[PDB]
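Here the structure comes first, spelled out in structure tokens, and everything after it is commentary.
Chain naming here is simple, since letters A, B, ... match the order of the sequence lines and numbering starts at 1 in each. In what follows, every heavy atom counts, from backbone to side chain, and hydrogens, waters and symmetry copies are set aside. Remember, it's 1-based here, ligands and their atoms both numbered in the order they're listed.
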Amino acid sequence: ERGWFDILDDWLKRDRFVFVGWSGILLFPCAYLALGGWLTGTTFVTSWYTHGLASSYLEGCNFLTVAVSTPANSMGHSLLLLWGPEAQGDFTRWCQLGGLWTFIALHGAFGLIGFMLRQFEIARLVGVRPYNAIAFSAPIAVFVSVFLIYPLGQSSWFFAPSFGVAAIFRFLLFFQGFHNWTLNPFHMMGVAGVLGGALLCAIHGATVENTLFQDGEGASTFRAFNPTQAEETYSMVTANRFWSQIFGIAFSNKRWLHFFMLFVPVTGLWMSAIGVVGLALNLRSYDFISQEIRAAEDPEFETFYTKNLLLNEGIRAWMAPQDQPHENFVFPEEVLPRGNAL
Amino acid sequence: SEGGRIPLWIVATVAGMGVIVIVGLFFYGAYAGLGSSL
Amino acid sequence: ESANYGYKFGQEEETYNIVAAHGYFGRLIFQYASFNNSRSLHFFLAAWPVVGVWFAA
Amino acid sequence: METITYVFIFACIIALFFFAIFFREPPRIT
Amino acid sequence: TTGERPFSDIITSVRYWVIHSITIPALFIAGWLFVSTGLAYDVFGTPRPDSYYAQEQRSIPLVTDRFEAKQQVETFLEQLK
Amino acid sequence: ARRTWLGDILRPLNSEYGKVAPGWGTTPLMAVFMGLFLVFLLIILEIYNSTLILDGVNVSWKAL
Amino acid sequence: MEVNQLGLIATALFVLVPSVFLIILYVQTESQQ
Amino acid sequence: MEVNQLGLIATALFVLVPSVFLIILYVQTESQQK
Amino acid sequence: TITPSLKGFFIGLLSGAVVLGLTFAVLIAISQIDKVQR
Amino acid sequence: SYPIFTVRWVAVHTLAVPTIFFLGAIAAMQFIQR
Amino acid sequence: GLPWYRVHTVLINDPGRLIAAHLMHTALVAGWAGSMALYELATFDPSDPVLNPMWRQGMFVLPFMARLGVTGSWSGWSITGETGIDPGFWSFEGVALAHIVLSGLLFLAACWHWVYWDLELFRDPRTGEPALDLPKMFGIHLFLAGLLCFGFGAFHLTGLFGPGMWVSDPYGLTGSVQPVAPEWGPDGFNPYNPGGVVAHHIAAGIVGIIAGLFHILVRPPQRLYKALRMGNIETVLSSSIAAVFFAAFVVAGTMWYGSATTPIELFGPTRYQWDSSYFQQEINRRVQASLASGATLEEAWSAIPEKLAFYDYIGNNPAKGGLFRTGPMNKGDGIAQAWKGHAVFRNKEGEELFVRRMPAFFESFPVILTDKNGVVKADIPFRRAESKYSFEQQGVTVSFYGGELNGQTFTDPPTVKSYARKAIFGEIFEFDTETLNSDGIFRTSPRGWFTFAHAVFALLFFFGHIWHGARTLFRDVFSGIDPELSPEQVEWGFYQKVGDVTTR
Amino acid sequence: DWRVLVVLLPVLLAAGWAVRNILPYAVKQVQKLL
Amino acid sequence: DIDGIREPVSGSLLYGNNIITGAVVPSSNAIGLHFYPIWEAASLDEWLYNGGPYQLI
Amino acid sequence: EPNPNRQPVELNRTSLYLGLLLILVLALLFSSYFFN
Ligand code: CLA
Ligand code: CLA
Ligand code: CLA
Ligand SMILES: CC(C)=CCC/C(C)=C/CC/C(C)=C/CC/C(C)=C/CC/C(C)=C/CC/C(C)=C/CC/C(C)=C/CC/C(C)=C/CC/C(C)=C/CC1=CC(=O)C(C)=C(C)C1=O
Ligand SMILES: CCCCCCCCCCCCCCCC(=O)OC[C@H](COP(=O)(O)OC[C@@H](O)CO)OC(=O)CCCCCCCCCCCCCCC
Ligand SMILES: CC1=C(/C=C/C(C)=C/C=C/C(C)=C/C=C/C=C(C)/C=C/C=C(C)/C=C/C2=C(C)CCCC2(C)C)C(C)(C)CCC1
Ligand SMILES: CC1=C(/C=C/C(C)=C/C=C/C(C)=C/C=C/C=C(C)/C=C/C=C(C)/C=C/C2=C(C)CCCC2(C)C)C(C)(C)CCC1
Ligand SMILES: CCCCCCCCCCCCO[C@@H]1O[C@H](CO)[C@@H](O[C@H]2O[C@H](CO)[C@@H](O)[C@H](O)[C@H]2O)[C@H](O)[C@H]1O
Ligand SMILES: CCCCCCCS[C@@H]1O[C@H](CO)[C@@H](O)[C@H](O)[C@H]1O
Ligand SMILES: [Ca+2]
Ligand SMILES: [Fe+2]
Ligand SMILES: [Mg+2]
């Protein structure tokens with residue numbers, strides 16, 4: 001049977017400069033639209049009616065302060081389809097209501113699905129094991145938990161991260177002040193995975209480059225390697241002795257070593273994702289009850305834990321009126337928490 | 001027509017200088033008009 | 001059995017096929033975004049986090 | 001109670017370091 | 001190789017540069033005019049420097065209803081005199 | 001293997017391992033039901049979301 | 001300090017049950033030929 | 001009832017520690033060849 | 001009753017059918033013109 | 001010898017064409033005064 | 001030998017011992033439900049369904065028994081407050097006991113199937129190899145699922161032969177188990193219409209019967225069989241896990257937003273009812289209707305049911321807890337005893353003032369009082385030296401209407417500030433904090449815990465689907481790639497179509 | 001709206017100028033693939 | 001007394017810290033950048049009050 | 001009637017050390033939150 005399906009399959013899987021595949025039907029429009037929405041919004045679109053903020057190059061923002069901001073809190077979790085009941089097909093209103101944010105987030109989610117299908121598709125055609133796709137589950141867990149589950153647990157899309165540099169920084173600080181997110185053991189595991197992964201990246205790369213075999217005569221050692229050679233280009237035996245004597249332990253199995261490099265950052269990102277699912281519900285690691293009972297009763301008891309909560313209380317009181325304009329917070333000067341003099 | 005006429009190093013040099021021109025214009029704008037704080 | 005027993009400490013021959021990896025990863029993006037020289041690939045792995053952390057410091 | 005727990009766990013880790021370094025499986029070339 | 005013409009071949013060819021010495025500046029100028037005619041403001045609904053606030057108000061025209069949001073913006077836009 | 005009264009009764013039900021229909025079989029019909037199911041999920045999603053609003057369908061506790 | 005007192009047995013079983021699992025598997029591997 | 005709270009962990013370790021010792025010894029006996 | 005949003009729902013359905021339809025139409029066409037050699 | 005209109009040609013221009021238009025729009029913004 | 005993370009693969013080709021393992025898992029899950037129900041019955045206080053309902057007590061499986069009609073105990077009480085009832089055998093205790101007995105029967109069955117693993121039924125009659133005809137098994141199991149689905153909706157929920165399900169008014173005041181008729185019109189797809197729940201199970205069950213018959217009688221197309229590896233049991237694991245995490249996300253969402261199957265009297269209020277002052281608006285409407293009908297302020301508020309006031313309190317908001325604040329909500333703010341009544345604040349001019357309520361985002365919140373127009377008129381200052389709005393300067397007093405403080409007025413600043421601090425939480429209640437040694441810090445309800453566990457499990461099971469899907473489609477390279485992989489298959493140009501050697 | 005024509009006109013003249021310079025080879029590429 | 005204002009901060013396990021809240025606390029702001037070895041203190045009790053251990057570590 | 005699907009299980013010494021380190025470190029991390 002060589003019908004139209006098989007002929008289409010032939011054309012999608014041609015060896016061209018940019019491979020396409022069946023997955024490309026999903027991947028390329030969604031990725032291109034998510035990127036184009038972000039460039040269109042950060043260049044031309046305001047956040048005046050949703051946030052009270054300028055947020056485009058047109059308005060005078062720079063690369064650090066442009067964003068595609070989230071919709072107004074009054075939109076709830078509306079899909080904000082262009083043809084939906086809020087914008088009613090009006091492209092200009094849709095931009096002013098925050099429709100580009102759901103546009104980017106949803107096309108981005110489906111584009112990420114498409115990229116992982118592409119990793120599966122190409123791996124099956126070339127005949128490799130699909131571990132690259134498996135590792136990519138970690139960026140997807142992060143994107144889905146932070147950009148979709150988290151606002152879905154909260155009151156509206158407004159509290160999702162906005163798509164911009166400084167807007168993401170605001171997201172970090174909001175998470176410290178309101179959620180005490182540095183205290184969360186699921187974030188801690190995420191930190192260990194990301195920093196541990198950076199560590200492994202550097203130490204593996206440096207170790208290889210400094211246990212090279214002399215396989216050529218030039219002082220530039222890059223030329224002395226051939227992709228089809230059968231021999232290892234560096235000495236695992238010398239690498240093993242160096243690290244055993246420097247650090248006490250060393251890798252001896254090169255397959256274990258490279259599985260471990262996959263395992264560590266991937267597991268870290270997955271752990272951070274679980275913690276953010278908790279924060280969707282305000283299920284925080286905010287306090288240690290034993291510390292609060294002692295400190296309530298003993299005004300001489302002070303730890304770095306109690307010092308940081310005072311900082312969180314400052315963040316909340318000082319940023320909430322501007323950061324949550326729909327709430328209409330009016331905090332007179334006299335109620336604002338402040339230390340001496342400052 | 002046939003690829004090869006214009007040497008690549010001149011292509012690279014002209015394209016590079018256009019990049020510098022357009023990025024310098026953006027930094028100029030940080031101090032004038034909108035977004036300049038003035 | 002664990003695939004890790006398929007590598008033996010000190011063996012002379014490489015334990016994976018870099019040409020297959022490059023053929024997969026070159027098609028994922030495009031051919032020239034992929035390394036086929038293990039030495040320069042590993043130099044890149046060393047350089048990127050080290051330079052970034054120098055800037056952080 | 002809780003102080004004893006924290007220090008006990010810590011002390012086990014330092015013991016584990018000792019055996020992992022000095023009583024490791026020896027790497028053997030072939 | 002995958003059969004397409006090499007990029008270094010194309011971008012050093014006179015014919016490429018005959019074509020793109022026109023198409024590139026023409027797009028650039030189209031983008032400039034999109035802003036300079038003021039069309040960008042009206043397509044996307046972005047305030048001009050004189051239309052964030054009315055002359056004496058200092059409150060944001062914040063959207064507060066879901067299904068009448070479109071009409072709320074239009075009302076805010078009238079009140080700009 | 002061990003035969004049992006109940007296994008003999010159930011034997012026909014585990015006897016066609018590997019038996020397929022030629023070619024594409026009923027795949028196009030399956031595709032039609034999948035498409036209908038996708039529109040169905042979209043309808044109930046957007047009702048819950050208040051993106052699709054229907055007469056007499058009040059998406060609220062106030063519907064008891 | 002008024003800590004949760006179940007914290008002690010919770011920590012103790014958290015260490016002991018998976019650690020014991022690993023020790024059983026390891027020792028019976030050594031005892032094989 | 002106002003029982004001693006340490007009775008729980010005392011009883012749990014009393015059961016678990018010598019039980020685990022026996023299980024270790026048994027399982028490594030079974031896996032010795034033949 | 002056809003509410004405005006139910007009308008909007010049908011417009012969304014038709015638009016997506018048109019987009020998917022043209023996409024596969026063009027793709028099937030091109031695959032028939034530029035076949036692989038076996 | 002080579003074709004002119006390939007998939008690669010389309011992918012290049014779906015990115016390159018809007019990029020240049022946007023650079024011209026942003027260049028103009030540098031002369032807007034309040 | 002096998003690595004520790006693969007020990008269970010010995011069942012892949014052993015259907016009898018697979019059934020045994022699946023029987024043992026089922027025995028464990030049933031035994032958990034029985035033992036969880038007994039624990040909850042030993043700790044549940046039935047004596048106050050108004051201010052101490054099950055969801056204040058950390059009850060997790062009790063609401064699930066009540067949802068489908070189990071409401072009474074053999075000791076004579078019911079969760080709706082009745083005494084002297086006879087629930088028959090299907091009390092909370094009878095349900096727990098039945099699950100315990102089922103657990104033990106399934107344990108014995110698991111032993112039989114483990115020992116007698118080599119049954120002729122599991123062998124292919126042509127080859128004698130172990131083999132399961134998964135496409136036909138699917139139609140048999142789907143057919144049984146359709147019958148069960150249909151009978152659940154047609155007989156249990158309608159009350160035709162069964163008790164029905166829990167239903168209530170929009171404010172969660174008068175819930176009970178009632179027979180429910182199906183809703184066949186478009187409102188049947190309204191999540192808050194219990195009638196749609198009945199219609200769904202009748203209709204989907206019929207569809208499941210029909211589709212089950214189809215999958216019993218029609219073999220899979222050769223093209224789908226090869227593409228989905230329908231001879232490989234691991235393909236069923238991969239798609240089953242996908243269906244399961246789909247379902248888990250849905251039950252997490254409907255628990256968090258609310259629906260006819262997650263009533264507030266069983267799981268507590270939703271966070272969104274606090275965000276939109278859902279209960280506060282109903283309270284105010286009833287007080288208007290009384291004031292309009294000539295009653296005094298004290299009669300209007302005293303007519304508000306305590307159960308309705310208790311819903312208008314942030315301590316019952318499931319978005320106020322913490323991950324390691326364990327136990328029932330009663331362990332936090334205490335066991336609620338009585339509505340204190342509605343606090344009305346006035347300044348020295350006699351203007352009524354209103355306390356700004358705490359949004360769920362804030363662990364703490366300042367105390368700020370406005371007039372009807374949202375103008376700040378009083379607050380509790382942090383820096384005193386330039387205070388202008390202090391309660392002392394503004395002559396703030398508080399009067400109570402309804403509840404136990406009905407008719408009283410307080411004027412001393414310390415007492416007035418005390419009640420204003422409580423008023424940021426909504427209605428004000430008296431709590432017993434001694435019985436459980438409550439610590440005064442908010443915990444989440446079973447609605448919050450259910451949602452968290454199931455969103456987390458749904459996300460993890462997504463990884464399971466990816467992993468087992470990958471093992472199904474790449475079984476041939478699980479141990480490594482072909483040692484004789486030709487460089488030409490992976491270098492560019494040699495083949496026109498990637499991975500197709502016939503297109504050199 | 002005249003600004004729409006002012007903006008598209010530089011793009012439209014660019015499309016027709018590249019078509020002049022490429023149509024001999026474009027027709028030749030389409031002919032070869034037939 | 002990290003900030004030199006006679007307001008001591010508790011950092012150790014035996015004084016009410018767990019693993020997450022505990023610290024060795026920086027030396028006092030009254031010392032600034034002055035070198036503070038054990039032998040510059042009148043006693044160990046003084047050295048500990050002023051955060052001597054931080055410098056040594 | 002011996003079942004043919006049985007297989008020996010292994011945990012090598014390095015895996016024991018890695019496993020024990022993971023469990024001890026997880027305990028050291030989570031214990032503070034258990035005591036609260
Ligand atoms: C090809 C991949 C792809 C995918 C997966 C998506 C996905 C999406 N788009 Mg995007 N989009 C795409 C390409 C894609 N788009 C392209 C190429 C363009 C340029 C035109 C756009 C421009 C665009 C805009 C302007 C918007 C979206 C929006 C969306 C979202 C809502 C879509 C929807 O409800 O349609 C529903 C339609 C279908 C599911 C089609 C299925 C048809 C069925 C299967 C067949 C049966 C139909 C039948 C024949 C018709 C009966 C009709 C009759 C009863 C009247 C969704 C995330 C919306 C959004 O982002 O909201 C913020 C939105 O406003 N898209
Ligand atoms: C869906 C599962 C589920 C849910 C939602 C509930 C919900 C509830 N339970 Mg129940 N329970 C369950 C299953 C569940 N239970 C099971 C399986 C058991 C048997 C153990 C119990 C036994 C039980 C008892 C004995 C009690 C409850 C109680 C409660 C209530 C308080 C919960 C609480 O404080 O948790 C606190 C939650 C946490 C502290 C979260 C733990 C986070 C874990 C430890 C993180 C682990 C991380 C891991 C190590 C990292 C791995 C990393 C690695 C992969 C690299 C709440 C209504 C209490 C109650 O009020 O009864 C009236 C009560 O006394 N439950
Ligand atoms: C219906 C669910 C289901 C079933 C019948 C299976 C079955 C299997 N899995 Mg899959 N898997 C699942 C879901 C399932 N899995 C999910 C949700 C995930 C993502 C977390 C995975 C991720 C996964 C991986 C990465 C691997 C498997 C592997 C396997 C195979 C060997 C497992 C083994 O020996 O573990 C032995 C496990 C132990 C001896 C101890 C595990 C202890 C855990 C971590 C903590 C304790 C859990 C607790 C007791 C129960 C919690 C219940 C929970 C639902 C609340 C077996 C075919 C393996 C395989 O493919 O082999 C070739 C393999 O590598 N699975
Ligand atoms: C209406 C519509 C659109 C319909 C479409 C339907 C359809 C059929 C479309 C097809 C037609 C088509 C193609 C349209 C195109 C549209 C279009 C242009 C879409 C574009 C979408 C888009 C721009 C996506 C952007 C994606 C993106 C940003 C990619 C970035 C890639 C990037 C930055 C890569 C650099 C990173 C890099 C080099 C990393 C290497 C470092 C690293 C450690 C490697 C490790 C490593 C490497 C090895 O190398 C080997 C060896 C080994 C050992 C090894 O360790
Ligand atoms: C030349 C300028 C380099 C400045 C920074 C240093 C980068 C290289 C050091 C990384 C250390 C990693 C650990 C050792 C890893 C290790 O062992 O390296 C080994 C690797 C190969 O060594 P060879 O012996 O083959 O060659 C080096 C000499 O021996 C001369 O041949 O060294 C190099 O490649 C040197 C490259 C110099 C040229 C690099 C220029 C990079 C500049 C790029 C611009 C960055 C700007 C970013 C702005 C955001
Ligand atoms: C949204 C939307 C859409 C779409 C659109 C699109 C698709 C767009 C695209 C767009 C685009 C696509 C754009 C682009 C742009 C670009 C740019 C703007 C760039 C710039 C650059 C630069 C500036 C650079 C810089 C640099 C760097 C970065 C580094 C190197 C050096 C230098 C300095 C050069 C539609 C219609 C569908 C619908 C509606 C909505
Ligand atoms: C034999 C017999 C019997 C008996 C039976 C019985 C007695 C049973 C019981 C059973 C039971 C009594 C069971 C139980 C079970 C349980 C379970 C199965 C559990 C599990 C758990 C879990 C799994 C958990 C987990 C966790 C933790 C711990 C922490 C947090 C997180 C989580 C949740 C994960 C009778 C007489 C009937 C008759 C016949 C014979
Ligand atoms: C409270 C927490 C406790 C957690 C409980 C943990 C239970 C784990 C049980 C592990 C059991 C391992 O099971 C054990 O496997 C080994 C091999 O691996 C089997 O051993 C078998 O293979 C070996 C290997 O050559 C042969 O030499 C041997 O003669 C044969 O019997 C044992 O017969 C069985 O006892
Ligand atoms: C100054 C103390 C008395 C003034 C009234 C205080 C607010 S009311 C008070 O709040 C307590 C929680 O803080 C509850 O436990 C208690 O039941 C309730 O009476
Ligand atoms: Ca001016
Ligand atoms: Fe490497
Ligand atoms: Mg400027």
re atom 7 (C) of ligand 4, the protein heavy-atom contact at minimum distance is A:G24 O, 4.4 Å

Any protein N, O or S atom under 2.8 Å from atom 10 (Mg) of ligand 3? Found K:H468 NE2

Between K:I466 and A:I134, the two heavy atoms sitting closest are CG2-CG1, 4.2 Å

Once you measure the plane-to-plane angle for G:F21 and K:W4, does it fall in the parallel (<30°), tilted (30-60°) or perpendicular (>60°) bin? perpendicular

Heavy-atom distance from atom 43 (C) of ligand 4 to the protein below 4.0 Å? yes

Suppose we call two aromatic rings close when their centres sit under 6.0 Å apart. Are K:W449 and K:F60 close by that rule? no

**Asked** Among the heavy atoms of I:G12, does any lie under 4.0 Å from an atom of ligand 1?
**Response** yes

Here the atoms of ligand 1 under 4.0 Å from any heavy atom belonging to A:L106 are 57 (C)

**Asked** Is atom 30 (C) of ligand 4 close to the protein, meaning a heavy atom under 4.0 Å from it?
**Response** no

In terms of ring plane angle, is the pair A:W22 and I:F24 parallel, tilted or perpendicular, where the classes change at 30° and 60°?
tilted

In ligand 4, the atoms that come under 4.0 Å of a heavy atom of C:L45 are 43 (C)

Within the 4.0 Å heavy-atom cut-off, what A:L81 brings close to ligand 1 is both

Taking only non-hydrogen atoms of A:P29 and a 4.0 Å limit, the atoms of ligand 1 in range are 1 (C), 2 (C)

**Prompt:** What do you reckon, does A:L79 put a non-hydrogen atom under 4.0 Å from ligand 1?
**Reply:** yes

| For I:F9 and A:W83, what are the C-alpha separation, side-chain angles and deciding distance, and is it a ring pair (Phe, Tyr, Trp, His ring centres under 6.0 Å)? | CA-CA 8 Å; I:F9 182 84; A:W83 56 88; 9.1 Å; no

Looking only at protein heavy atoms, what sits closest to atom 55 (O) of ligand 4 is C:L41 CD2, 3.6 Å

the protein heavy atom lying closest to atom 47 (C) of ligand 4 turns out to be C:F25 CD2, 3.9 Å

For this session: Kindly state if atom 3 (C) of ligand 3 has a protein heavy atom within a strict 4.0 Å cut-off, that is, under 4.0 Å?
Result: yes

Honestly, for K:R471 the part within reach of ligand 3 (heavy atoms, under 4.0 Å) is side chain

*What do you think, any protein heavy atom under 4.0 angstrom from atom 27 (C) of ligand 4?*
no

Checklist entry - Do we get A:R16 above K:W492's six-membered ring, with its NZ or CZ under 6.0 Å from the centre and within 45° of the axis? => result no

Review point. Centre of A:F19's six-membered ring, under 6.0 Å away, within 45 degrees of the axis: is that where NZ or CZ of C:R27 sits?
Key: no

Per-atom contact, atom 53 (C) of ligand 4, protein heavy atoms, under 4.0 angstrom
yes

Geometry only, no angles: is A:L82 polar-contacting ligand 1 at N/O separations under 3.5 Å?
yes

Strictly inside 4.0 angstrom of atom 38 (C) of ligand 4, do you find any protein heavy atom? yes

Checking heavy atoms under 4.0 Å, the part of A:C30 that sits near ligand 1 is side chain

Shortest non-hydrogen pair, A:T233 vs C:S38, comes out as CG2-OG, 4.2 Å

### Query
With no hydrogens and no angle check, is any side-chain donor or acceptor of K:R6 less than 3.5 Å from a backbone partner on C:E1?
yes

### Message
Side chain or backbone, does C:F35 bring an N or O within less than 3.5 Å of an N or O on ligand 4?
### Response
yes

One finds that the ligand 4 atoms under 4.0 Å from a non-hydrogen atom of C:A33 are 38 (C)

Basic-acidic side-chain contact under 4.0 Å: K:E234, K:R229: no

Of all protein heavy atoms, the one nearest atom 55 (C) of ligand 1 is I:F10 CD2, 3.8 Å

the protein heavy atom lying closest to atom 34 (C) of ligand 4 turns out to be C:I29 CG2, 4.6 Å

closest protein heavy atom to atom 18 (C) of ligand 4 is J:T14 OG1, 3.2 Å

shortest atom 11 (C) of ligand 4-to-protein heavy-atom contact is with J:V7 CG1, 4.6 Å

What orientation do K:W467 and K:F463 show, parallel under 30°, tilted 30 to 60°, or perpendicular over 60°?
-> parallel

Considering distance alone, does some N or O of C:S34 sit under 3.5 Å from an N or O of ligand 4?
yes

Close N or O approach (K:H8, ligand 3; < 3.5 Å): yes

Do A:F163 and A:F147 make the cut of ring centroids closer than 6.0 angstrom?
yes

Under 4.0 Å from one or more heavy atoms of A:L26, ligand 1 contributes atoms 5 (C)

Of all protein heavy atoms, the one nearest atom 24 (C) of ligand 1 is A:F103 CE1, 3.7 Å

Exercise. Cation over ring, K:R471 on K:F478, under 6.0 Å and within 45°?
Worked result: yes

Going by the 4.0 angstrom heavy-atom rule, the piece of K:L460 near ligand 3 is backbone

Among non-hydrogen protein atoms, atom 52 (C) of ligand 1 lies closest to I:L13 CD2, 4.0 Å

Atom 43 (C) of ligand 1: closest protein heavy atom, distance to 0.1 Å, is F:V39 CG2, 4.5 Å

Nearest non-hydrogen protein atom to atom 20 (C) of ligand 4, with distance, is A:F28 CD2, 4.3 Å

For K:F461, the atoms of ligand 3 under 4.0 Å from one of its heavy atoms are 17 (C)

- Kindly indicate whether atom 49 (C) of ligand 3 is approached by any protein heavy atom to under 4.0 angstrom. no

Exercise for review: Assess the pair A:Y32 and A:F28: is the distance between their ring centroids shorter than 6.0 Å?
Suggested key: no

Atom 10 (Mg) of ligand 1 has as its nearest N, O or S atom from A:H107 the atom NE2

In this structure, atom 24 (C) of ligand 4 is nearest to the protein heavy atom A:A31 CB, 4.5 Å

Under 4.0 Å from one or more heavy atoms of C:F44, ligand 4 contributes atoms 41 (C)

Of all protein heavy atoms, the one nearest atom 33 (C) of ligand 3 is K:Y5 O, 3.3 Å

With the threshold set strictly below 4.0 angstrom, can you tell me whether any protein non-hydrogen atom sits that near atom 22 (C) of ligand 4? no

Heavy-atom proximity to atom 11 (N) of ligand 1, picking from A:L33, F:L42, F:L38, points to A:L33

One finds that the ligand 1 atoms under 4.0 Å from a non-hydrogen atom of A:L80 are 61 (O), 62 (C)

**Prompt:** Given the side-chain rings of A:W38 and A:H107, with only the six-membered ring counted for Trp, is the space between their centroids under 6.0 Å?
**Reply:** no

